[PDB]
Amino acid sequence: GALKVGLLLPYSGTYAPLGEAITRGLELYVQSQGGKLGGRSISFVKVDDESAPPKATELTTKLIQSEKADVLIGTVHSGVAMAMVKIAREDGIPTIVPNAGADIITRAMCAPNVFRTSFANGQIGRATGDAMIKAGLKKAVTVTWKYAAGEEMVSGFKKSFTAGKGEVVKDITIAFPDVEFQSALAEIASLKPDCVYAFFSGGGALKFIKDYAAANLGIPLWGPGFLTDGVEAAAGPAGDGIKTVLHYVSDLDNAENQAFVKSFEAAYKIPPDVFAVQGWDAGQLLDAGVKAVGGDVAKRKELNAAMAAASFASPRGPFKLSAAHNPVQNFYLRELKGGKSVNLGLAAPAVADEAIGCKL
């Protein structure tokens, strides 16, 4: 029979374009392998999580129990992912996290069957704060949504930014997924920082970018790369000049990215973004696992071990996991110019996030 891959992703709401991009990355990878991973035909069972933490336990349980998923892949929203990972850890099902950066997933909640192909919130926030200090910035206002990802990315940023003698003047938070920003933009203007660090993504990011430009603040906008990835063409000139830090840049010239961009543009007529890459690499990681156990997904201990030691070429560069199952990869400084984020160079060389509390 087919190998059933349960996909828990947002197909509606503000993160719907992220779930679409991840799904596209996975399906394109499965197609590049002739519809099979390690000799098994793939069947995706797609469930919309609606980025809604109150539904996460029920929808995960259904995917594992009622639909009998052989593998679980998800999700985008860190609150949903934390609840999902709690159920997956206790079940033992091979689980791949293709976006959610919740720090706990590769720290205190680290597990033998739980892998991440994206990043950790805290680590990318620290890399962005470091880049802003190197750029001479000293007085920030942060703006994000009131949930674990905003908090952890703003916390990581504040750690590096204050360690660099900068001050964080205010942390503005908006309830998730609200996108009424006029009040935050009036407060930014009143506080006169020399920079703004924002975490938004999907619909929220695109609207924040247009609203932020329409305010004519004269203040540079920064953030983790999720603030611009995927929304460059739609943001138009309002995006110009935004500086971000991310573990992917569309112009990386390694052969795997050039072939991946080609396949993705030929199938979907738009460039891939970081979300598509993370999905493509979840496909590569599951392939490495199913190949090592000759299609026999029931050998979980051996499947997990192979995915932990997996080594392949990502569109990002060499893919490799730490002992706590998080990617070890470079972070680049970028600028949004003319509809794409361009590479301004290396921001942080590849190092393993510190796995505080990980029993592994």
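Just count from 1 along the sequence shown to find any residue number.
Participant: Of 207-215 and 249-257, which one has the bigger average CA B-factor?
Facilitator: The stretch with the larger average C-alpha B-factor is 207-215.
Participant: When the Cα temperature factors in the entry are averaged, is it 182-190 or 140-148 that ends up higher?
Facilitator: Result: 182-190.
Participant: Out of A313, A69, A52, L333, which residue has the highest Cα temperature factor in the PDB record?
Facilitator: Among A313, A69, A52, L333, the PDB entry lists the largest C-alpha B-factor for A69.
Participant: Highest recorded C-alpha temperature factor, please, choosing from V328, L37, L26, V47.
Facilitator: The C-alpha B-factor peaks, among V328, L37, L26, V47, at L37.
Participant: What third of its chain's C-alpha B-factors does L344 belong to: lowest, middle or highest?
Facilitator: As the PDB entry reports it, the C-alpha B-factor of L344 lands in the middle third of its chain.
Participant: Considering every modelled residue of the chain and its Cα B-factor in the PDB entry, is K262 in the lowest, middle or highest third?
Facilitator: As the PDB entry reports it, the C-alpha B-factor of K262 lands in the lowest third of its chain.
Participant: Consider only the C-alpha atoms of the modelled residues in this chain, order them by B-factor as the entry records it, and name the third containing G225: lowest, middle or highest.
Facilitator: Ranked within chain, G225 CA B lands in the lowest tercile.
Participant: What third of its chain, lowest, middle or highest, does the C-alpha temperature factor of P177 fall into?
Facilitator: Its C-alpha B-factor, which the entry lists for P177, ranks in the lowest third among residues of this chain.
Participant: Tell me, lowest, middle or highest third: where does the Cα B factor of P98 rank within its chain?
Facilitator: It belongs to the lowest third of the chain when residues are ordered by C-alpha B-factor.
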